[PDB]
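In what follows, a single structure is set out as structure tokens and then discussed.
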Amino acid sequence: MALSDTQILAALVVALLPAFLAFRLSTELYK
Amino acid sequence: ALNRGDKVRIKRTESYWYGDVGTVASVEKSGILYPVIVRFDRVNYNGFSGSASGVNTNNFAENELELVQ
Amino acid sequence: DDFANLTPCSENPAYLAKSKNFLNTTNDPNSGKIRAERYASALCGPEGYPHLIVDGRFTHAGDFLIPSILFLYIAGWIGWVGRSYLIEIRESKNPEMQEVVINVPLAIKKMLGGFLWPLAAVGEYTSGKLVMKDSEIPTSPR
Amino acid sequence: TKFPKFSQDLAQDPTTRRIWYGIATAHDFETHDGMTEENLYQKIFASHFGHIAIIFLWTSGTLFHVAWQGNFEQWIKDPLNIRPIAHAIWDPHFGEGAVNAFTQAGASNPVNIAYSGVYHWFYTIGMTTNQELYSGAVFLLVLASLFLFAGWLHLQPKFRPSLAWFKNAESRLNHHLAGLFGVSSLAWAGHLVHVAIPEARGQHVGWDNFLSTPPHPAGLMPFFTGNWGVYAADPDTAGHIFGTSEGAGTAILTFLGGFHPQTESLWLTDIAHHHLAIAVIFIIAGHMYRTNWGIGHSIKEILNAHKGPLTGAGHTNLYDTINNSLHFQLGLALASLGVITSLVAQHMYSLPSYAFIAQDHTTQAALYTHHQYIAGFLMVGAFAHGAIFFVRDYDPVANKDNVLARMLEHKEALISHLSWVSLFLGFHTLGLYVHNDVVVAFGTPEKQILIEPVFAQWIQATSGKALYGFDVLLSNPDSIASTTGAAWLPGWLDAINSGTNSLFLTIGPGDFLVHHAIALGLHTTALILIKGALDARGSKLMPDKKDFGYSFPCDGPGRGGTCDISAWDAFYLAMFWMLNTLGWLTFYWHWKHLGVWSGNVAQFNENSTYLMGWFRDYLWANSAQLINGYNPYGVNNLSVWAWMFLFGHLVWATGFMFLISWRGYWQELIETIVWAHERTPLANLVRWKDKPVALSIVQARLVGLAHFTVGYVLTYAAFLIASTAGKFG
Amino acid sequence: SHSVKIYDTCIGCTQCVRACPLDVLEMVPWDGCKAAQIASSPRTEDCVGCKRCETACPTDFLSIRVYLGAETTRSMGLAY
Amino acid sequence: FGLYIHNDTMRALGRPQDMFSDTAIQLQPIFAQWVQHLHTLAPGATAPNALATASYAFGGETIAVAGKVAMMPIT
Amino acid sequence: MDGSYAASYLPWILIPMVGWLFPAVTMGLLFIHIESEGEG
Amino acid sequence: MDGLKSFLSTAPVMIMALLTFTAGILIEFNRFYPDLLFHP
Amino acid sequence: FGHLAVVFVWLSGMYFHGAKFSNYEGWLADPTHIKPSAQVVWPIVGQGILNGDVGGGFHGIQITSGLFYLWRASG
Ligand code: CLA
Ligand code: CLA
Ligand code: CLA
Ligand code: CLA
Ligand SMILES: CCCCCCCCCCCCCCCC(=O)OC[C@H](COP(=O)(O)OC[C@@H](O)CO)OC(=O)CCCCCCCCCCCCCCC
Ligand SMILES: CC1=C(/C=C/C(C)=C/C=C/C(C)=C\C=C\C=C(C)\C=C\C=C(C)\C=C\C2=C[C@H](C)[C@H](O)CC2(C)C)C(C)(C)C[C@@H](O)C1
Ligand SMILES: CC1=C(/C=C/C(C)=C/C=C/C(C)=C/C=C/C=C(C)/C=C/C=C(C)/C=C/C2=C(C)CCCC2(C)C)C(C)(C)CCC1
């Protein structure tokens, strides 16, 4: 059966974390 | 050690005639870094773009040449 | 039993059907027939066109080997006469001038004395004049 | 100006060159201001962490979008008819015609059609519901997060690695061979055995019940006793229907060989024994180099021992050269990756692994073209970074008399003989092609010079192809090699001796001509790259080229003119030849496979011997469906491909402005424009901050080459996809 | 700005000085050549790197070399 | 040229009514049309001693030799 | 435009942000950064 | 004439003469014996 | 003067090749059924296929320079 919209929203919430980690890594590499 | 009428091989390693043979045109008194003058048959690349020839002579020191004659 | 996918054009129905209409390249009216009779002896594909075999076998030696030697002799002739003329013109006090204005007598003299080029080249190599030492040649910086 | 902080020469530039060259030299850490070796290595380590995280995010996004907007759970029920869906389309600029045209694959909205063949890959490894795809996407998100955090952490001052830790070659080789290769392949074999094969035999195995059900009815007893042959007993029958239990065996590790009768792909049990054996071999290989226990080989001793009497010093001091230079390592890695990428393409288009992927012709064509182009790019990069090594890292006194420094001793011979071979190939290949063209033009095509590719046909015979009647080796049923009772021989000979597959396609004269043309292209691109790399240190025209760096415009018009003299210019020239060779390669592959799929092999067999056949039966003929994607009468699903086709034909041409016209003209024009702006009332209020200037010479070459390459890739991609999809899809 | 260096192979032929359009070179007394003069580049901040000086040099390779570096308003030859 | 690119994109997207075509937003060369109309009327009054127009490209009858058109009006 | 996939409203807002809001913001910040004088 | 002979012996005239000679050789051999794919 | 001589040689060449190697007299009878032709190819290696049929039993290259119409307009 197809995905549920709650799954999509949860996927976005989960993907929030690698965004923050990537921002931190980029700022560290900028130094 | 050389004089006019000597066939020499070049060892400058940056000259155009490295490994070529040239004739000793003239040498002069001391106090000059590169006294010997060598004239070559094959001209080098010198000249502006589209020029018809180059330069057939240069100045070398004594230890940059090997004597053949 | 090589070339099980190839059959002689003499026994190829495609070649038999398509060889009746061969065009005439020259004004000679039989040149199509001559082409057909000469190409009947080759190996043909399913399209009725001759194919050549260059694996080295002597049964198909005319496919590549004979024209190979035919080319090689002429190319060696040209190269040897050119090199000989250049070498002999070098010590003429104006080799550069005689490269644009051809010395016709000497040019023809080298043209004639050039059929024996293989023997001359073999003799010269044994005499050391065919190649030069690497310490006697201009080199670019490493 | 602050930007770029890593270079002060660029930071004081008042023009717009500052921004361009700041972007250009950003990721070249080796020449930043005040850069140390340790800091360089640590920055590289963190950036590599970043690229890995990006790769994992990309894979997660592919999985997520397929699971969300795809038709996987309907594609599995009929892989031979349904079209896989890549992602949905949300274009507000769309009209109604495009909306009706792109509502394809039995969807309910505008939608794309996947040609990366991920549906086959997911089906083959046992994923049957989109919930599993979603779980994989989330897990990949978590993995990417972990790798980003790892980069951040190993960048911290107290977790910052030392220089010696970055120069431990033996330990890195051991760990990455045994662990990264051997252990990973062993785990993959375990995944195939424990999950993939049972799912292929109609058994649902997941995390909830994999720990209970054993893959084989006799679990781990024969493996330790030594009765391994039990696992190879009762394999899948030829009447096996993929994904069901109808006519399926219980064996897990077999050497059946050949192809699955239904999916026309390699047997999964063959994959299992293959990856397991490879894992064992790699684990044995990983215990080769000594780290700290005394046992093991040391690379320096090996290299210094293998000296030659003809090479003077042999492989002396090469360990220090390779360990100290990063460009040497990058060149070696790029060469290896390009070679094995080309290998991947060649051995995948002929030996498909994923189920039903041979039937879907468009995806096969796309995969071959994609990985072959990538291999070409990597091969160019190997030589480019090797030339950079020669410019920067090479030491003529540490490498004295070894093999590396001995190349420069006979570099003139290398370049001259390579140029001779390129000329010899090109002259006679073009002569044969033009001869055939002229002969056919005069209405007498029976006079074509048609050479049979005898040697390659002999190779096919040796592998066991009986069509040509050479009866040598495996084709000879009486030779020793064909009577060893090897378990793979019957199935393999069955697969090779059927024309229904791409396994060892039948070849003819046009194949001979095009292979020799490809050889010409390869030797010529190699000539350009090798000449550029060997002349990087210097030449007669510029004996001191090393003191000028790697990428400099020229040396002015003096000494006869010195345009395009740096090694960067050799790379820039060789890129064109790489593109041309890849074009020839892919055109040949595509035409031959179009003939094979349609069954009309005669078309290629006839018209591939002269160039007009290529122009008419391949270019002119197949373009009919593509360019009619949108018409004065309407529009169909190939409209986007026609638009991208024209887009590539436009960008390719746009690159010629930078490739042909040069700087001074544009600088004078820009001066006039500056005058015009400064004298315009109501426009002098707004003034620039960086003085506008024309693009630099090297930047111009790079930009032109970039536009050229993008157009070149996009045009052929659009043509290939559109032609194959309209004809078959 | 660009860097102009004169090596010890100069013969004091003065061609480089005359060929320079932005007045960067100069003739200074010397002893290593017959002409007893050598080339100097006191005003390299005004050099645009047009390579005319090198094109005028008659010695083998070049006794005068020009290496292009940081670009300023002068070295880029801008009038705006 | 952006007129051409815009027309291309509008056709590609299934928006033929947004194109720059004669059945859409029109760009009529009314000046050349007017000059053609004038040059067609020249034999009437503006050049009284002329029998036919200088060329049938401007307008008028269709001149055909054998079965092939020799010259006909070019709209 | 609309589709039958779950959470069909997500493209309606996500695509404009990644097409207008995100590019505008990043180019604005980059232009501000690349022009900040001093501190070379 | 000396100058006439010297002009006739210049590079372009001589290469044109040799090229036309070889072209004549090939043309005649192909008129009398056409369609020679190989030596049987 | 030299370029004038060259142009005159070219013009005389066109006139001669139309006089001798053309079907101008043939075309002059039925100009709506005979294609102009003034280049004839020697049959050597199969280029005799180029001497195509231009009508009226003449075989040669069809010309497009319009010399036949110019000559007829010259009487
Ligand atoms: C006016 C023309 C026009 C425009 C504006 C669009 C716009 C769009 N189309 Mg589209 N389309 C058009 C014509 C057009 N189309 C035509 C004529 C056809 C043929 C019928 C199509 C066929 C088509 C299909 C089939 C699809 C689209 C899709 C899309 C959307 C993709 C969103 C996107 O790419 O964001 C992301 C933006 C980019 C990837 C642009 C990046 C480009 C640069 C070069 C890369 C960045 C380089 C550099 C590093 C940048 C630095 C940082 C930067 C921020 C400064 C977007 C709304 C897709 C869609 O609906 O999306 C779900 C889709 O599937 N279109
Ligand atoms: C067992 C321990 C172990 C393991 C697992 C790794 C693993 C890794 N190390 Mg490593 N390392 C180790 C010990 C280990 N290291 C030790 C002890 C040292 C110190 C001596 C180092 C020092 C070190 C350095 C200095 C660096 C690494 C890096 C890396 C990463 C390379 C990135 C990559 O391509 O991987 C993925 C590779 C594979 C999955 C295999 C390669 C694929 C080959 C070509 C075969 C192709 C497979 C198949 C045919 C295709 C599949 C198709 C499928 C998709 C359908 C990788 C994750 C690099 C990095 O930055 O990572 C963060 C790096 O710069 N390591
Ligand atoms: C593992 C891969 C890898 C790595 C780590 C490096 C690392 C490096 N390379 Mg190398 N290289 C590689 C592969 C790699 N290379 C390959 C495959 C090639 C062949 C093409 C090259 C060719 C190459 C050259 C020719 C040069 C380097 C240089 C460098 C150094 C950094 C400068 C640089 O390129 O950054 C800056 C990079 C860029 C500015 C690239 C931007 C171009 C973008 C990505 C293209 C996008 C096109 C367009 C937007 C697409 C939109 C499509 C849309 C319209 C539809 C650094 C040592 C330089 C050097 O000498 O360093 C000392 C240098 O001159 N490399
Ligand atoms: C169709 C276009 C084309 C062609 C034919 C060539 C041909 C050649 N390139 Mg080349 N090149 C091209 C485009 C082309 N290039 C482009 C676009 C680039 C990107 C800038 C390059 C970049 C490039 C580099 C960087 C190098 C070459 C090299 C070569 C030579 C390698 C030998 C070879 O491949 O075949 C053999 C040669 C040919 C097939 C060409 C000869 C064709 C004629 C018909 C032969 C007879 C001459 C003819 C009768 C003369 C009549 C003149 C008269 C009518 C006035 C060859 C001369 C390499 C080289 O110099 O090799 C030593 C080399 O280093 N090229
Ligand atoms: C469809 C038409 C195809 C032609 C398109 C036209 C292309 C543009 C023309 C080029 C610019 C013209 C002036 C050249 C520019 C110019 O004058 O020289 C420029 C260039 C040399 O320029 P440099 O600045 O290097 O020269 C400085 C030296 O002159 C020092 O004095 O010379 C050539 O290009 C050499 C060409 C000679 C050609 C060698 C072959 C001779 C063949 C002659 C046969 C000719 C045809 C015969 C009649 C059919
Ligand atoms: C003598 C001479 C010169 C000089 C020549 C020199 C110096 C030559 C030097 C050559 C060297 C150093 C090396 C040569 C190597 C040659 C090799 C390796 C030949 C290989 C042959 C093979 C592999 C034959 C292959 C098959 C043989 C057979 C006929 C089959 O059916 C077809 C086929 C193709 C399979 C010039 C250039 C100055 C001038 C010339 O005119 C003459
Ligand atoms: C300059 C330089 C560089 C570069 C270069 C390059 C990159 C190269 C490449 C190269 C290459 C890339 C090569 C390749 C090679 C390959 C090979 C060598 C192969 C082999 C193979 C074989 C031998 C096979 C065999 C077989 C067969 C055939 C069949 C059966 C099986 C077997 C396997 C047996 C570098 C960086 C390094 C360094 C520095 C310098």
Anything over 26 Å Cα to Cα? Flag those among D:2/D:545; B:11/D:546; D:400/D:540; C:33/I:20; B:29/C:93, in the order listed.
D:2/D:545; C:33/I:20; B:29/C:93
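Output the antiparallel fraction of DSSP beta bridges having both residues in the protein assembly as shown, as a percent to the nearest 5.
Numbers: 35 of 39 bridges.
If we restrict to bridges inside the protein assembly as shown, about 90 percent are antiparallel.
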Plugging the Kirkwood radius over Cα pairs into Stokes-Einstein for region I:8-54, at a temperature of 4 °C and a viscosity of 1.567 mPa s, what D comes out in µm²/s?
109 µm²/s
Among E:32-38, D:449-455, what's the highest-first ranking by average C-beta atoms within 10 angstrom per residue?
D:449-455, E:32-38
Distances longer than 22 Å among the Cα atoms of region D:370-505: what percent of all pairs is that?
69 percent
Spin-label proximity, residue A:27 to region D:132-159 - amide N less than 20 Å from point 7 Å beyond Cα toward beta carbon:
D:145-159
At a Förster distance of 25 Å, what's the computed FRET efficiency of residue D:323 paired with residue C:142, Cβ-Cβ distance as r, to 0.05?
0.65
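Could you work out the Rg to Rh ratio of region D:413-476, with Rh taken as the Kirkwood radius (inverse of the mean 1/r over all Cα pairs)?
On the way: Rg = 17.5 Å, Rh = 14.6 Å.
Reported Rg/Rh, Kirkwood definition of Rh: 1.20.
Using Cα pairs closer than 8 Å and at least 6 residues apart in sequence, work out the relative contact order for region D:1-728, in percent.
Details: 960 pairs, mean separation 80.3, N = 728.
Computed value for region D:1-728: 11 percent relative contact order.
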Spacing of the two label points (7 Å from each Cα toward its C-beta) at residue D:680 and residue D:424, in nm:
6.3 nm
For the protein assembly as shown, size of Cβ-based charge dipole, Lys and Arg +1, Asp and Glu -1, in debye:
2180 debye
How many angstrom separate the Cα center of region C:13-29 from the Cα center of region E:35-80?
74 Å
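Length gain on complete extension for the stretch residue D:623 to residue D:27, per 0.36 nm per residue less the alpha carbon to alpha carbon distance? All intermediate terms of the calculation are to be shown ahead of the outcome.
Working: separation 596, 0.36 × 596 = 214.56 nm, distance 4.15 nm.
Separation in residues times 0.36 nm, less the Cα-Cα distance, equals 210.4 nm.
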Averaged across orientations, what area in nm² does the convex hull of the alpha carbons in region D:618-671 project?
5.9 nm²
Long-range amide H partners of residue B:36, meaning residues 5 or more apart or on another chain whose placed amide H is closer than 5 Å, are B:60, B:62
How do the peptides D:267-277, I:2-12 rank, highest first, by the average count of neighbouring beta carbon atoms within 10 Å per residue?
D:267-277, I:2-12
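Nearest 500 deg cm²/dmol is fine: what mean residue ellipticity at 222 nm does chain F get from its DSSP H runs of n ≥ 4 alone, each adding -39,500 (n - 2.57), divided by its residue count? Please report the intermediate quantities before stating the final value.
On the way: 2 runs with 23 residues, N = 75.
Mean residue ellipticity, 222 nm, calculated: -9500 deg cm²/dmol.
Return one quarter of the surface area of the convex hull spanned by the alpha-carbon atoms of chain F, equal to its mean projected area, in nm². Let's see the in-between values first.
Working: hull surface 30.0 nm².
That works out to 7.5 nm², a quarter of the Cα hull's surface.
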Taking r as the C-beta separation of residue F:57 and residue I:20 and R0 as 41 Å, the FRET efficiency to the nearest 0.05 is 0.60
Give me the inter-chain shielding for D:539-545: mean count of other chain Cβ atoms within 10 Å, whole number please.
6
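Once you have the alpha carbon radius of gyration of the protein assembly as shown, what is it after dividing by 2.2 N^0.38 Å, with N set to its residue count? If you can, show how the numbers build up before the last one.
Values: Rg = 37.8 Å, N = 1281, 2.2 N^0.38 = 33.4 Å.
Rounded to two decimals, the normalised Rg is 1.13.
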Restricted to Cα positions, what overall size does chain B have along the principal axes? Three whole-Å values, descending.
39, 25, 21
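To one decimal place, what Kirkwood hydrodynamic radius in Å is obtained for region D:1-728 from all pairs of distinct Cα atoms? Please list the in-between numbers first.
Numbers: mean 1/r = 0.0332 Å⁻¹.
Taking every pair of different Cα atoms in region D:1-728, averaging 1/r and inverting gives 30.2 Å.
Averaged across the residues of D:153-162, what count of C-beta atoms belonging to other chains lies within 10 Å of each residue's C-beta? Each step should come with its number before you reach the end.
Details: counts 2, 0, 5, 1, 0, 0, 0, 0, 0, 0.
The shielding value for this peptide is 1.
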Under the definition of partner shielding as Cβ atoms of other protein chains within 10 Å of a residue Cβ, what is the mean value for peptide B:20-27?
1
Compute from the Cα atoms of chain G the Rg and the Dmax, the latter being the longest Cα-Cα distance, and quote both in angstrom.
16.7, 54
How big is the equivalent ellipsoid of chain E along its three axes, where each semi-axis is √(5λ) from the Cα gyration tensor, reported in whole Å from largest to smallest?
24, 11, 10
Would you mind checking the tilt of helix I:2-20 against the longest principal axis of the Cα atoms of chain I, expressed as 0 to 90 degrees and rounded to 10?
30 degrees
Which value, in debye to the nearest 20, describes the size of the charge dipole of chain C about its Cα centre when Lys and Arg Cβ atoms bear +1, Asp and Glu Cβ atoms bear -1, and nothing else is charged?
380 debye
With label points built 7 Å along Cα→Cβ from the Cα atoms of residue D:284 and residue E:31, find their separation and express it in nm.
7.6 nm
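Stick to Cα atoms and the Kirkwood definition of Rh, then tell me Rg/Rh for region D:132-222. Intermediate values should be presented prior to the final figure.
Working: Rg = 19.1 Å, Rh = 16.9 Å.
With Rh from the inverse mean 1/r over Cα pairs, Rg/Rh is 1.13.
As an exercise, identify the chymotrypsin sites (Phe, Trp or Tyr not before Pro) in region F:1-53 lying in DSSP coil whose Cβ has no more than 14 other Cβ atoms within 10 Å.
Numbers: sites: F:1, F:4, F:20, F:31, F:34; in loops: F:1, F:20.
Here the sparse-neighbourhood loop sites are F:1, F:20.
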Using only the alpha-carbon atoms of region D:72-129, report the extent along each of the three principal axes, biggest first, to the nearest angstrom.
39, 17, 17
So how long is each side of region C:2-142 along the principal axes, counting just the alpha-carbon atoms, biggest first, in Å?
68, 41, 32
If I model a spin label at residue D:225 and residue I:7 as a point 7 Å from the Cα along the Cα→Cβ vector, what separation in nanometres do I get?
10.7 nm
Hey, quick one: spin label on residue F:65, modelled 7 Å out along Cα-Cβ, who in region I:36-75 has an amide N within reach, i.e. under 11 Å?
I:69-70, I:72-73
Could you sort out which of B:7/E:5; B:7/E:51; D:531/D:592; D:5/D:691 sit more than 31 Å apart by Cα distance in this structure?
B:7/E:5; B:7/E:51; D:531/D:592
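FYI, it's all coordinate maths here, none of it is from the lab. All Cβ positions, even for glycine, are placed from backbone atoms using ideal geometry, and neighbour counts span all protein chains on display.
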